[PDB]
Every structure is written in C-alpha cells, then in structure tokens.
Amino acid sequence: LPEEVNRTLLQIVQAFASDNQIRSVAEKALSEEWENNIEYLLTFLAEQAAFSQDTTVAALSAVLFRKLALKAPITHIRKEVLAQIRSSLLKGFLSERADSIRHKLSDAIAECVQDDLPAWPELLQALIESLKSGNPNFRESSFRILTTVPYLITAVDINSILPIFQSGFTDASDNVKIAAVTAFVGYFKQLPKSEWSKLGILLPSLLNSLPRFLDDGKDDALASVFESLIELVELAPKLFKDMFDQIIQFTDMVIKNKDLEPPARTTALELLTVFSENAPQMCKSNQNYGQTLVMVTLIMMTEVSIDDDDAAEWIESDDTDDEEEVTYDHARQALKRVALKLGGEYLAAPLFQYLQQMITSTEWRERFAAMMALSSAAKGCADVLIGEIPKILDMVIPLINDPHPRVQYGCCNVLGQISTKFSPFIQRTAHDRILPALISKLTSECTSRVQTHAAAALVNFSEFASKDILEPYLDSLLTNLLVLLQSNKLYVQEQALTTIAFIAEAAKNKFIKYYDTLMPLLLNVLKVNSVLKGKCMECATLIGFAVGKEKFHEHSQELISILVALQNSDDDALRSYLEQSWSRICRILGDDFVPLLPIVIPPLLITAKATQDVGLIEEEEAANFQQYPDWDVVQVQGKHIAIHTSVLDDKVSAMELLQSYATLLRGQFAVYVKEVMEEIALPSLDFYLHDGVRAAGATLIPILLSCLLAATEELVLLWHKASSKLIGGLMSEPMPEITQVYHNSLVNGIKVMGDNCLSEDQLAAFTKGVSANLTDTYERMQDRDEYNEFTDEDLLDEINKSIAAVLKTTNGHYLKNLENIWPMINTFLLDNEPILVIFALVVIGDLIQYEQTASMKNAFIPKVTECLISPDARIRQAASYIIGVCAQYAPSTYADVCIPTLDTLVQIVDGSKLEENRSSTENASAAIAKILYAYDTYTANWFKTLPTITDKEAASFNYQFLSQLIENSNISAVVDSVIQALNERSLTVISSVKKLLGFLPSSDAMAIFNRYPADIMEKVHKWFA
C-alpha cells in the first residue's frame, strides 16, 4: 500500500477502539469515503489482522474484513488484489497470533473461498500442514475453516481427509475434538446427500471416541459433542443404525451418572429423544430404545426438592413451575415427545413395568415421578391407554391421599391430564371415581398447592362433561370452591374463579340455580389485582352466557359500568380478559350491545392496524434480538429481518374480535365496514411476514360485506377492491394453506354479493391464479431414502368450491375461461394420484350442470366409466354424480353413456350400506334415479337403495323423484324411508305419502308408526298433514 493511505486508515481503525463520538465519526468516515477505495480498504484490514502487534486493532480489522468482504462481494474484486489479500491472510494465519485472532483470521480467510473464485491451493496446503501441528489452536482453527467452508473437504484426497478426522476425534485437546466434530457434522449440513457416503463411514470412529470424554472427566465438552450429534440425527438418523445400541447404552450410562452436572445429562437425553422424532421405525424396531428411554426419564423425574424432603420450599411458593428443576423438566418433556411419536403400541408395556414398581416405593420422589410420567405419556399413548382406564385409576387414586403433598399434587395432575386426553369418554365413564377424588382435595385439610391443582384438574374434566353429568356434583363443587375463593393466597383465588367459570360454562341452564348466590360475591370482588379482576370479569360473563340474557340482565348494567371503569383505568394480561368479556357480553345481549360499540371498537381498531413491524437487520445484530420472547428473526433471501411477533399476534386477536362483532351484529356493524375493510382487512393481505394476519384478513372480507349488504354502491366498490386483491393474492401467495383461505374467502364473498359479481378481467385473473395453484400442487405431489425414514387435498377441495361458485355467479359464462385450463384438468383426470382425479371429476360435474359439453364428452366418459368401479369410494362418488348430472342437464347428448352404465350403478350400489361409503353409494342411488327421470325393473332396484340420509343434494332429488313416482304394500318401507330422511336431517313428499295412507284403513295406517320411539313420534306428528 501507498504510505499515506496507511496512516489515514491506521488512524480511523484506531478510532474504532474507544466513547460513541470518536467511534461514530470513524464509522461515518468509512461508510461515506471508504467503491474507489474498497480494495485499498480490504487490503489494509487484511494486513492489520495479519501483522498488527495490537490485539484489538487486529481483531477489529479481521471482523470488519469479514463483514465487508460478503457485502463487496468478493467475486467482483480484482484478481491481482484478491491474491495479495489471500497471501497476507494466510501469512498471518501461519505466524504467531493470539488464539482469538487466529479464529477471526480463519473466518476472514473463509470469505476468500468461493466456488467461482480462482483456486487457492496454498490454503489447502496450509490446512493440511496445520492439522498436523502440535499447537492445538492450529488444529482447532483448521477444522473451523473446514466448518465454514465445507467444500474444502471435497478438495482434499479421501485418504488424507479420513485420517484427518480420525485424528480430530481423538485429539489430546478438547477444543480440537469439538471443532472436528463440528466440522464433521457441518459437512453433512452444507453438502448435498450425494456427498454424504464419503464421510459417513467415520461415524463409528466418532462414536467410539466418546467414552474418552468421561475418562478425562470432561463432560462439559461431551455436551458440545452431543449437540453436534443431535444435529446429525436430524440430518442422517439411519447412519446410527447398528451402532444404535452402543449410543443408547452410552447415553444411558451418562444420564445415570448423577454427579455429572446436568448439561451432559440433558443433552444426552435430547440425543436419545431426537431419534424418535427423526427415525421412529428404527426406534420401534429396537426393544432397547423404549426401555432405556423410559428407565432413564423416570430416574430424572425423581430429581426434585433436592436437599428438602419435606418440600417446605415448594408448599410456600406459587403454582408456577420451579424452572430450577431442570433435569426433571427435561425428562417429562422427553417422555411426552417420545410417547407422541412412537405411540402406546410401543411403550405401554415397558412404561407400566416401571410404574407398578415406583407407585409402591417408600421414596415419595418415586411415587411422584410415576404420576408425572403417566401424565407426560398420556396423550401419546392414548391409543392403548384409553382402554386400560380403570387400571390407571386403581394405581393413581390410592395416592390422592399420600402422606406427601407433592405426590398428592402429582396425583391431581394425572387425573386432570387424563380427563383431557381421554375425553369425551372418560367424563362418561369415571365421573363417579374422578369427581369425588378431586373434590376431596378442595377441602382445607389439604395444602394450598394441592387444593389449587385439584381445582385446575376440575376445569380439564368439565370442559367435556355434560351439564347432565355434572348436575349432582354442582352443589358439592360450588360450596368447596367458594371456600377457596376466600383463600388468602392470590393464586388460589384466581384458580377458584377460573374453575367456577369453566364449570359454569359446562353447566349452562343447570347453573341458573346458582346465579343468585354467586353473582354478588363476584361483584364484591370486582368492587374492592389485575388478573383477579379480569379472572373475575371472565367468570361473571361466562356465567352470564350460561344462564342466558334475561337472567344476566339482573346485573348487566352494573357489570358494564365496572368493565368501563376497568378499561379506562391506569398488566396487558387484563386487557385480554376485558376484551373477551365485552365480546361475551355481545353474544348475550344480541342487538342490545349496539350502544356500546363506541367504547369497545376504537381500541380494537388501533391494535388491528399495527403495521408489519420490521427491522432490516445485520448478521450479529440478530442473536441478541432473538433474546426477546416477543421477537423472532428469520432470513428472507439471505438478507435477514427482525419481526415483532407478539405485536402481529395481537393484531390477529384484534381482527378476530372485529370479525365476531361483525358476525353477531350483522347490519348493525355496517358503520365500521369501510374503515375495517380498507385500513385493516385489505392491507393485511400484504403481510408477507406473518400468515396469521394474512389469513385473518381474508376471513374478515366476506363477513364485512355481508354486514354492509344487510344494512343497505360502496358495497360494490369494496367488493371489487377486495375480490381483486384476493384474486391477485392467489398467484403471489407462497403458502398453500393461505391460498386455500383466499379461495374460501372468495367463495363466501361471491355467496354474499349474489349474481354476476365479477368482471371479465377478474374472471381471467382468477383463472391464472387457479392455474398457478393447480400447477404448484401438481409439482408438490410429484415428490411422494438411504439416510432418512391433507393440506393438498383441502386446497383442491376449495378450488372446486370456488370454481363452482364462479360458474354459478357467471351462470355458465365462466366455461369460456374454463377452457384455458383444461390441459391442467385433463392431466389430473388421468394421473394416478386419487386426489387429483377426484378434483378433476368434481370440476367436470360442475361443467355439465351448465348439452354444450359434447365438445368434451368423448374425452372424459372413458375415464368416468372406469372410475365408476374404482376401489376408491370417493372416486365412485364423484363419477356417479357426473353420470347423474349428465342425465339431468344434458339428457339427449348423454343418453348413450347414461343408459349403458345403468347396470354398473345397480352393481356399485352393492360394504355399501356402511358409514365410510354410505356417501358414495348414496350418490350412485341418486344418479340412477336421475336417469330414470330423464328417460321398471330398474326403479324397483332404486327403491332398495333408500333411504338417503348422508348426502343432501342426492337426498333432495330421490325424494322429489319418489314424490313423482307416486302422484303419477311397500308402504311401510316407503314411509320409513321418508321418516329416516327427515329424522336424519338430510332433505311436500309428505303430501304424496299422505295420499297413499288415504287409500288404507285407519288401523292399517296407524300400524306403520308402531316401530317408532317417543322422541321421533313427537317429530312425526309435527311433520304430517
């Protein structure tokens, strides 16, 4: 470098060490002054990092170099200067540098290796040498570079690289060992699978080198290695098959050794558990996995209240978790996670082997562990455990009264957890055992913690319990809870209100009885602490819905005044209890809520207009942004961004409320429609960083319109604007799940707006969208390994609905546009995948409903007649509907296919009368009825397919046909077929039936309804003439 340039830069870089003023002035000087100067700058920084005797200037420059060298980018730098930079970086690497500085140099060096950069064989050479050096930092830094630039591993000969790693795993220095494992795993996460087989063979050497960490007593470094192994399990789990037992035994050995700090024990646990989420068949196919996993998690769940046998510290604290009980927390999460993926099929057996034993221990901690374990495993093992339900209770319930309060707490938990997972059946089956068990823990005999948790478990039970079931226990429940309501400890009171609220909600009208006593108790609590009052307001309004409007009107005025007071006073936890309550009041009050809207809607507008709160961010500036629970950072296209997730979630919650206020208030909400639509709903579709927002935007739209319509041109303008943005969204939306919502949104918009609601260029734009959607679905489904083991159907289901909706609004004229995507539709018709076929068949049925299709008759009836006898009942359904619709709307142009296939329909009609294909065979039934109308032995067949109870459109026709077959001694089957249809709510046919009964004796007539029970005879009386 020119001599002047040096001291200019040397001054500036020295200004970087320091104060804000001197350091910002330098920052500006660099960003303003230093594309004429980039290569000078790069050259300078690289020299500093390499040769400066000043630690800090060196580090800084190395860091700066790295940053600026991506930004450059390095590709566009002069070959002449690249070479010089590369050489000085390399010279510095090989000289005498502080450990931290070699790390920084390494990372700068990494920025000078790129696929399209000129070859740098000097680096390879310096690495190969460095790996052999007796200075650990040389070895460590070399693996590091291979971690950043894994492609360098391909550049080395295989017979050099393999020994390099085997030496790596084995090295004297722990630091080197961790870097080698990191480099090894990094290889798999940066290279394509085609390259994996090439390092794969090393896994053994790595695994074999593990026990050495324990020998040297270097478990903290072991944890780091376990973490890299955990990544490799996500990438290539199969690779561990057949060394499987050796890692299982080893993790077992580590977790059991309980004078290891927890890090090595919890990461070893994670390693174990992660296999179940990445290779379930492998885990299932080894008896030893499930056995070790269960054994090991049970041991860990034992590690509670250490140095505190009485649990004194725990009784005194609140019902939040002691997150200092780390290994216990990890163990239950683990058991849960594994149970979920492997099922009870696989672990009931081993689990119970261990439960039986610990339930009866003299160590309380073990009796506890047993409860917590069952509780953690219950969801996952639902499949097996739902039928060993009394067995569970028999083991659990004895402990409800255990000497030790934490075992009691534990017992309450299982009872609660079980109530949820095995619902609704457990409510029906075990109320007699569960409710007394829990209710008995409410009494002040028991400790605060237990009382509260028993009350918690009662919410779980109540959610899915019938009012009828709960009724006998209510007085008992209520009296006990009111005691807790008077508790001294905030958390007991809070839980008592929430338990009351949720019991009340379940009880409905059976809670009317208790309204008078509870409500003023509640009002006094309110008049007297945020969560308490909010939980109280929640309880009050849940009770209010349970009892209905009239009854709730006894206190509603006062209640509302309190709400207002609460809303407008000086925790954001309360805001939500308030919001939910106002909303619950509107469900109670119906139209009477309207005067309240100007209190309630303005804060919701503000929240629901929050912008996409985004920070275009820098590499290091992310991990600290990630510290916040309220934030998440992602990468869009290499360049990263910080998105305020909490805020965006809040916007959704606000939108949901605006949407339900609109749904309940209908016409009354009209005043807001313009503002919500243009300032909330529509802009929300452009929220590419959060799909909840996008979705809530879409679902809002048709409900908005429907509100304005019910009140009353602007409606047309809005609808045009909205439908257009939805349509344009169909092409730009990346998530298929969202795409579905847009279609569903359009369908509902169309249903609101009525006839011809769409312009020609709209229709054309919708078709490009539909085409792009069908194209993207095909490409995803043409997907389906050596190392590894409904959203599409739902999307297509909706696209069928939107197409039908569009055809209907255009009254046919969309057929023109529909011709453009017939190639698409055709490919689908004759693919293999039954999903694409069903889609096409359903489109086709829509086309025929609107004799102008002959163009195509010869193209799809071959496939439809195939489909008729398909193994797949959803396919038979689609096909037969097509044939039915053919004879109905296109009678002469399809007479030739319809009548032949008529035999097929008598055959398809014969597991027909099952639930799973009741759907299919009902369409066939209707299809033949349609043919018999358009144009005698056959019609007698048709009758033997009544009644139609599941499909509404089918049923509609069959009984219209049955009514014509009459007006122009099967009598009890005739009547029954009809009674069944109405009773099953599937579908004047009655007028025809009456006439038939007219031609009979009073006594013959009456005997037909001998069969029917009271409840349906109440209905029969009210159906007849």
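One is the number of the first residue shown, and numbering goes on along the chain from there.
The header says X-ray crystallography, 3.2 Å.
The backbone N, Cα and C atoms fix where each Cβ goes, and this holds for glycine too.
For the repeat 'HEAT 2' (38-72), the DSSP counts in helix, strand and coil order read 31 helix, 0 strand, 4 coil. As annotated by Swiss-Prot, repeat 'HEAT 2' applies to 38-72.
Among the features that Swiss-Prot reports, repeat 'HEAT 3' is placed at 79-112. Here the repeat 'HEAT 3' (79-112) is broken down by DSSP into helix, strand and coil counts: 28 helix, 0 strand, 6 coil.
Counting residue by residue with DSSP, the repeat 'HEAT 4' (121-148) contains 25 helix, 0 strand, 3 coil. Sequence annotations record features per position, and here Swiss-Prot assigns repeat 'HEAT 4' to 121-148.
A Cβ distance under 8 Å defines the sequence-distant neighbours of the repeat 'HEAT 5' (158-190), meaning residues of its chain 6+ beyond its ends; these are 128, 131, 136-137, 139-141, 143-144, 146-147, 150-151, 196, 198-199, 201-202, 205-206, 209, 212-213, 216, 218, 221, 224-225, 228-229, 231-232, 235-236. Annotation source Swiss-Prot lists repeat 'HEAT 5' at 158-190, citing experimental evidence.
Tertiary proximity for the repeat 'HEAT 7' (243-278) is limited to same-chain residues at least six positions away from its ends with a CB under 8 Å from its CB atoms, namely 203-204, 207, 210-211, 214, 219-220, 222-223, 226-227, 229-230, 233-234, 237, 286, 288-289, 292-293, 295-297, 299-300, 303, 326-327, 330-331, 334, 337-338, 341-342, 788-789. Annotated repeat 'HEAT 7' per Swiss-Prot: 243-278, in sequence order, evidence recorded as experimental evidence.
Annotated repeat 'HEAT 9' per Swiss-Prot: 344-378, in sequence order.
Tertiary neighbourhood of the repeat 'HEAT 11' (424-464): same-chain residues 314-315, 319, 386, 389-390, 393, 397, 400, 405, 408-409, 412-413, 415-418, 470, 473, 476-477, 480-481, 483-484, 487, 489, 491-492, 495-496, 498-499, 502-503, 505-506, selected by CB-CB distance under 8 Å and a gap of 6+ residues from either end. The feature repeat 'HEAT 11' is assigned by Swiss-Prot to 424-464, with experimental evidence given as support.
Sequence-distant contacts of the repeat 'HEAT 12' (467-507), counting only residues of its own chain at least 6 positions beyond either end whose CB sits under 8 Å from a CB of the stretch, comprise 318-319, 427-428, 431, 435, 439, 442-444, 448, 451-452, 455-456, 458-459, 513-514, 518, 521, 525, 531-532, 535-536, 538-539, 542-543, 545-546. Among the features that Swiss-Prot reports, repeat 'HEAT 12' is placed at 467-507, with the record citing experimental evidence.
Per Swiss-Prot, the feature repeat 'HEAT 15' maps to 591-665.
Here Swiss-Prot flags 668-711 as repeat 'HEAT 16', drawing on experimental evidence.
Here Swiss-Prot flags 714-753 as repeat 'HEAT 17', drawing on experimental evidence.
As annotated by Swiss-Prot, phosphothreonine applies to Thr791, with the evidence given as a large-scale study or a structure entry. The Cβ of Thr791 (phosphothreonine) has 13 other Cβ atoms within 10 Å, all protein chains considered. DSSP classifies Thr791 (phosphothreonine) as helix under the three-state reduction.
Residues or ranges marked as repeat 'HEAT 24' by Swiss-Prot on the basis of experimental evidence: 1002-1025.
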Euclidean Cα distance (Å) for gap endpoints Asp936 and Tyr935, 7 residues missing: 12
Distance in angstrom, CA of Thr712 to CA of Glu713, with 4 unmodelled residues intervening: 9
The repeat 'HEAT 5' (158-190): DSSP-derived helix, strand, coil residue counts: 28 helix, 0 strand, 5 coil
Distal contacts, the repeat 'HEAT 24' (1002-1025) - CB-CB under 8 A, six or more residues away: 971-972, 975-976, 979, 982-983, 990-991, 994
Which of 79-112, 121-148, 344-378, 591-665 contacts the repeat 'HEAT 2' (38-72) most, counting Cβ pairs under 8 Å: 79-112
Deposited-model gap closure distance - 4 residues unmodelled, Cα of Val528 to Cα of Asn529, Å: 9
Counts by DSSP class (helix H/G/I, strand E/B, coil) across the repeat 'HEAT 24' (1002-1025): 17 helix, 0 strand, 7 coil
Flanking Cα pair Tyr850 / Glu851, between which 2 residues have no modelled coordinates, distance in Å: 8
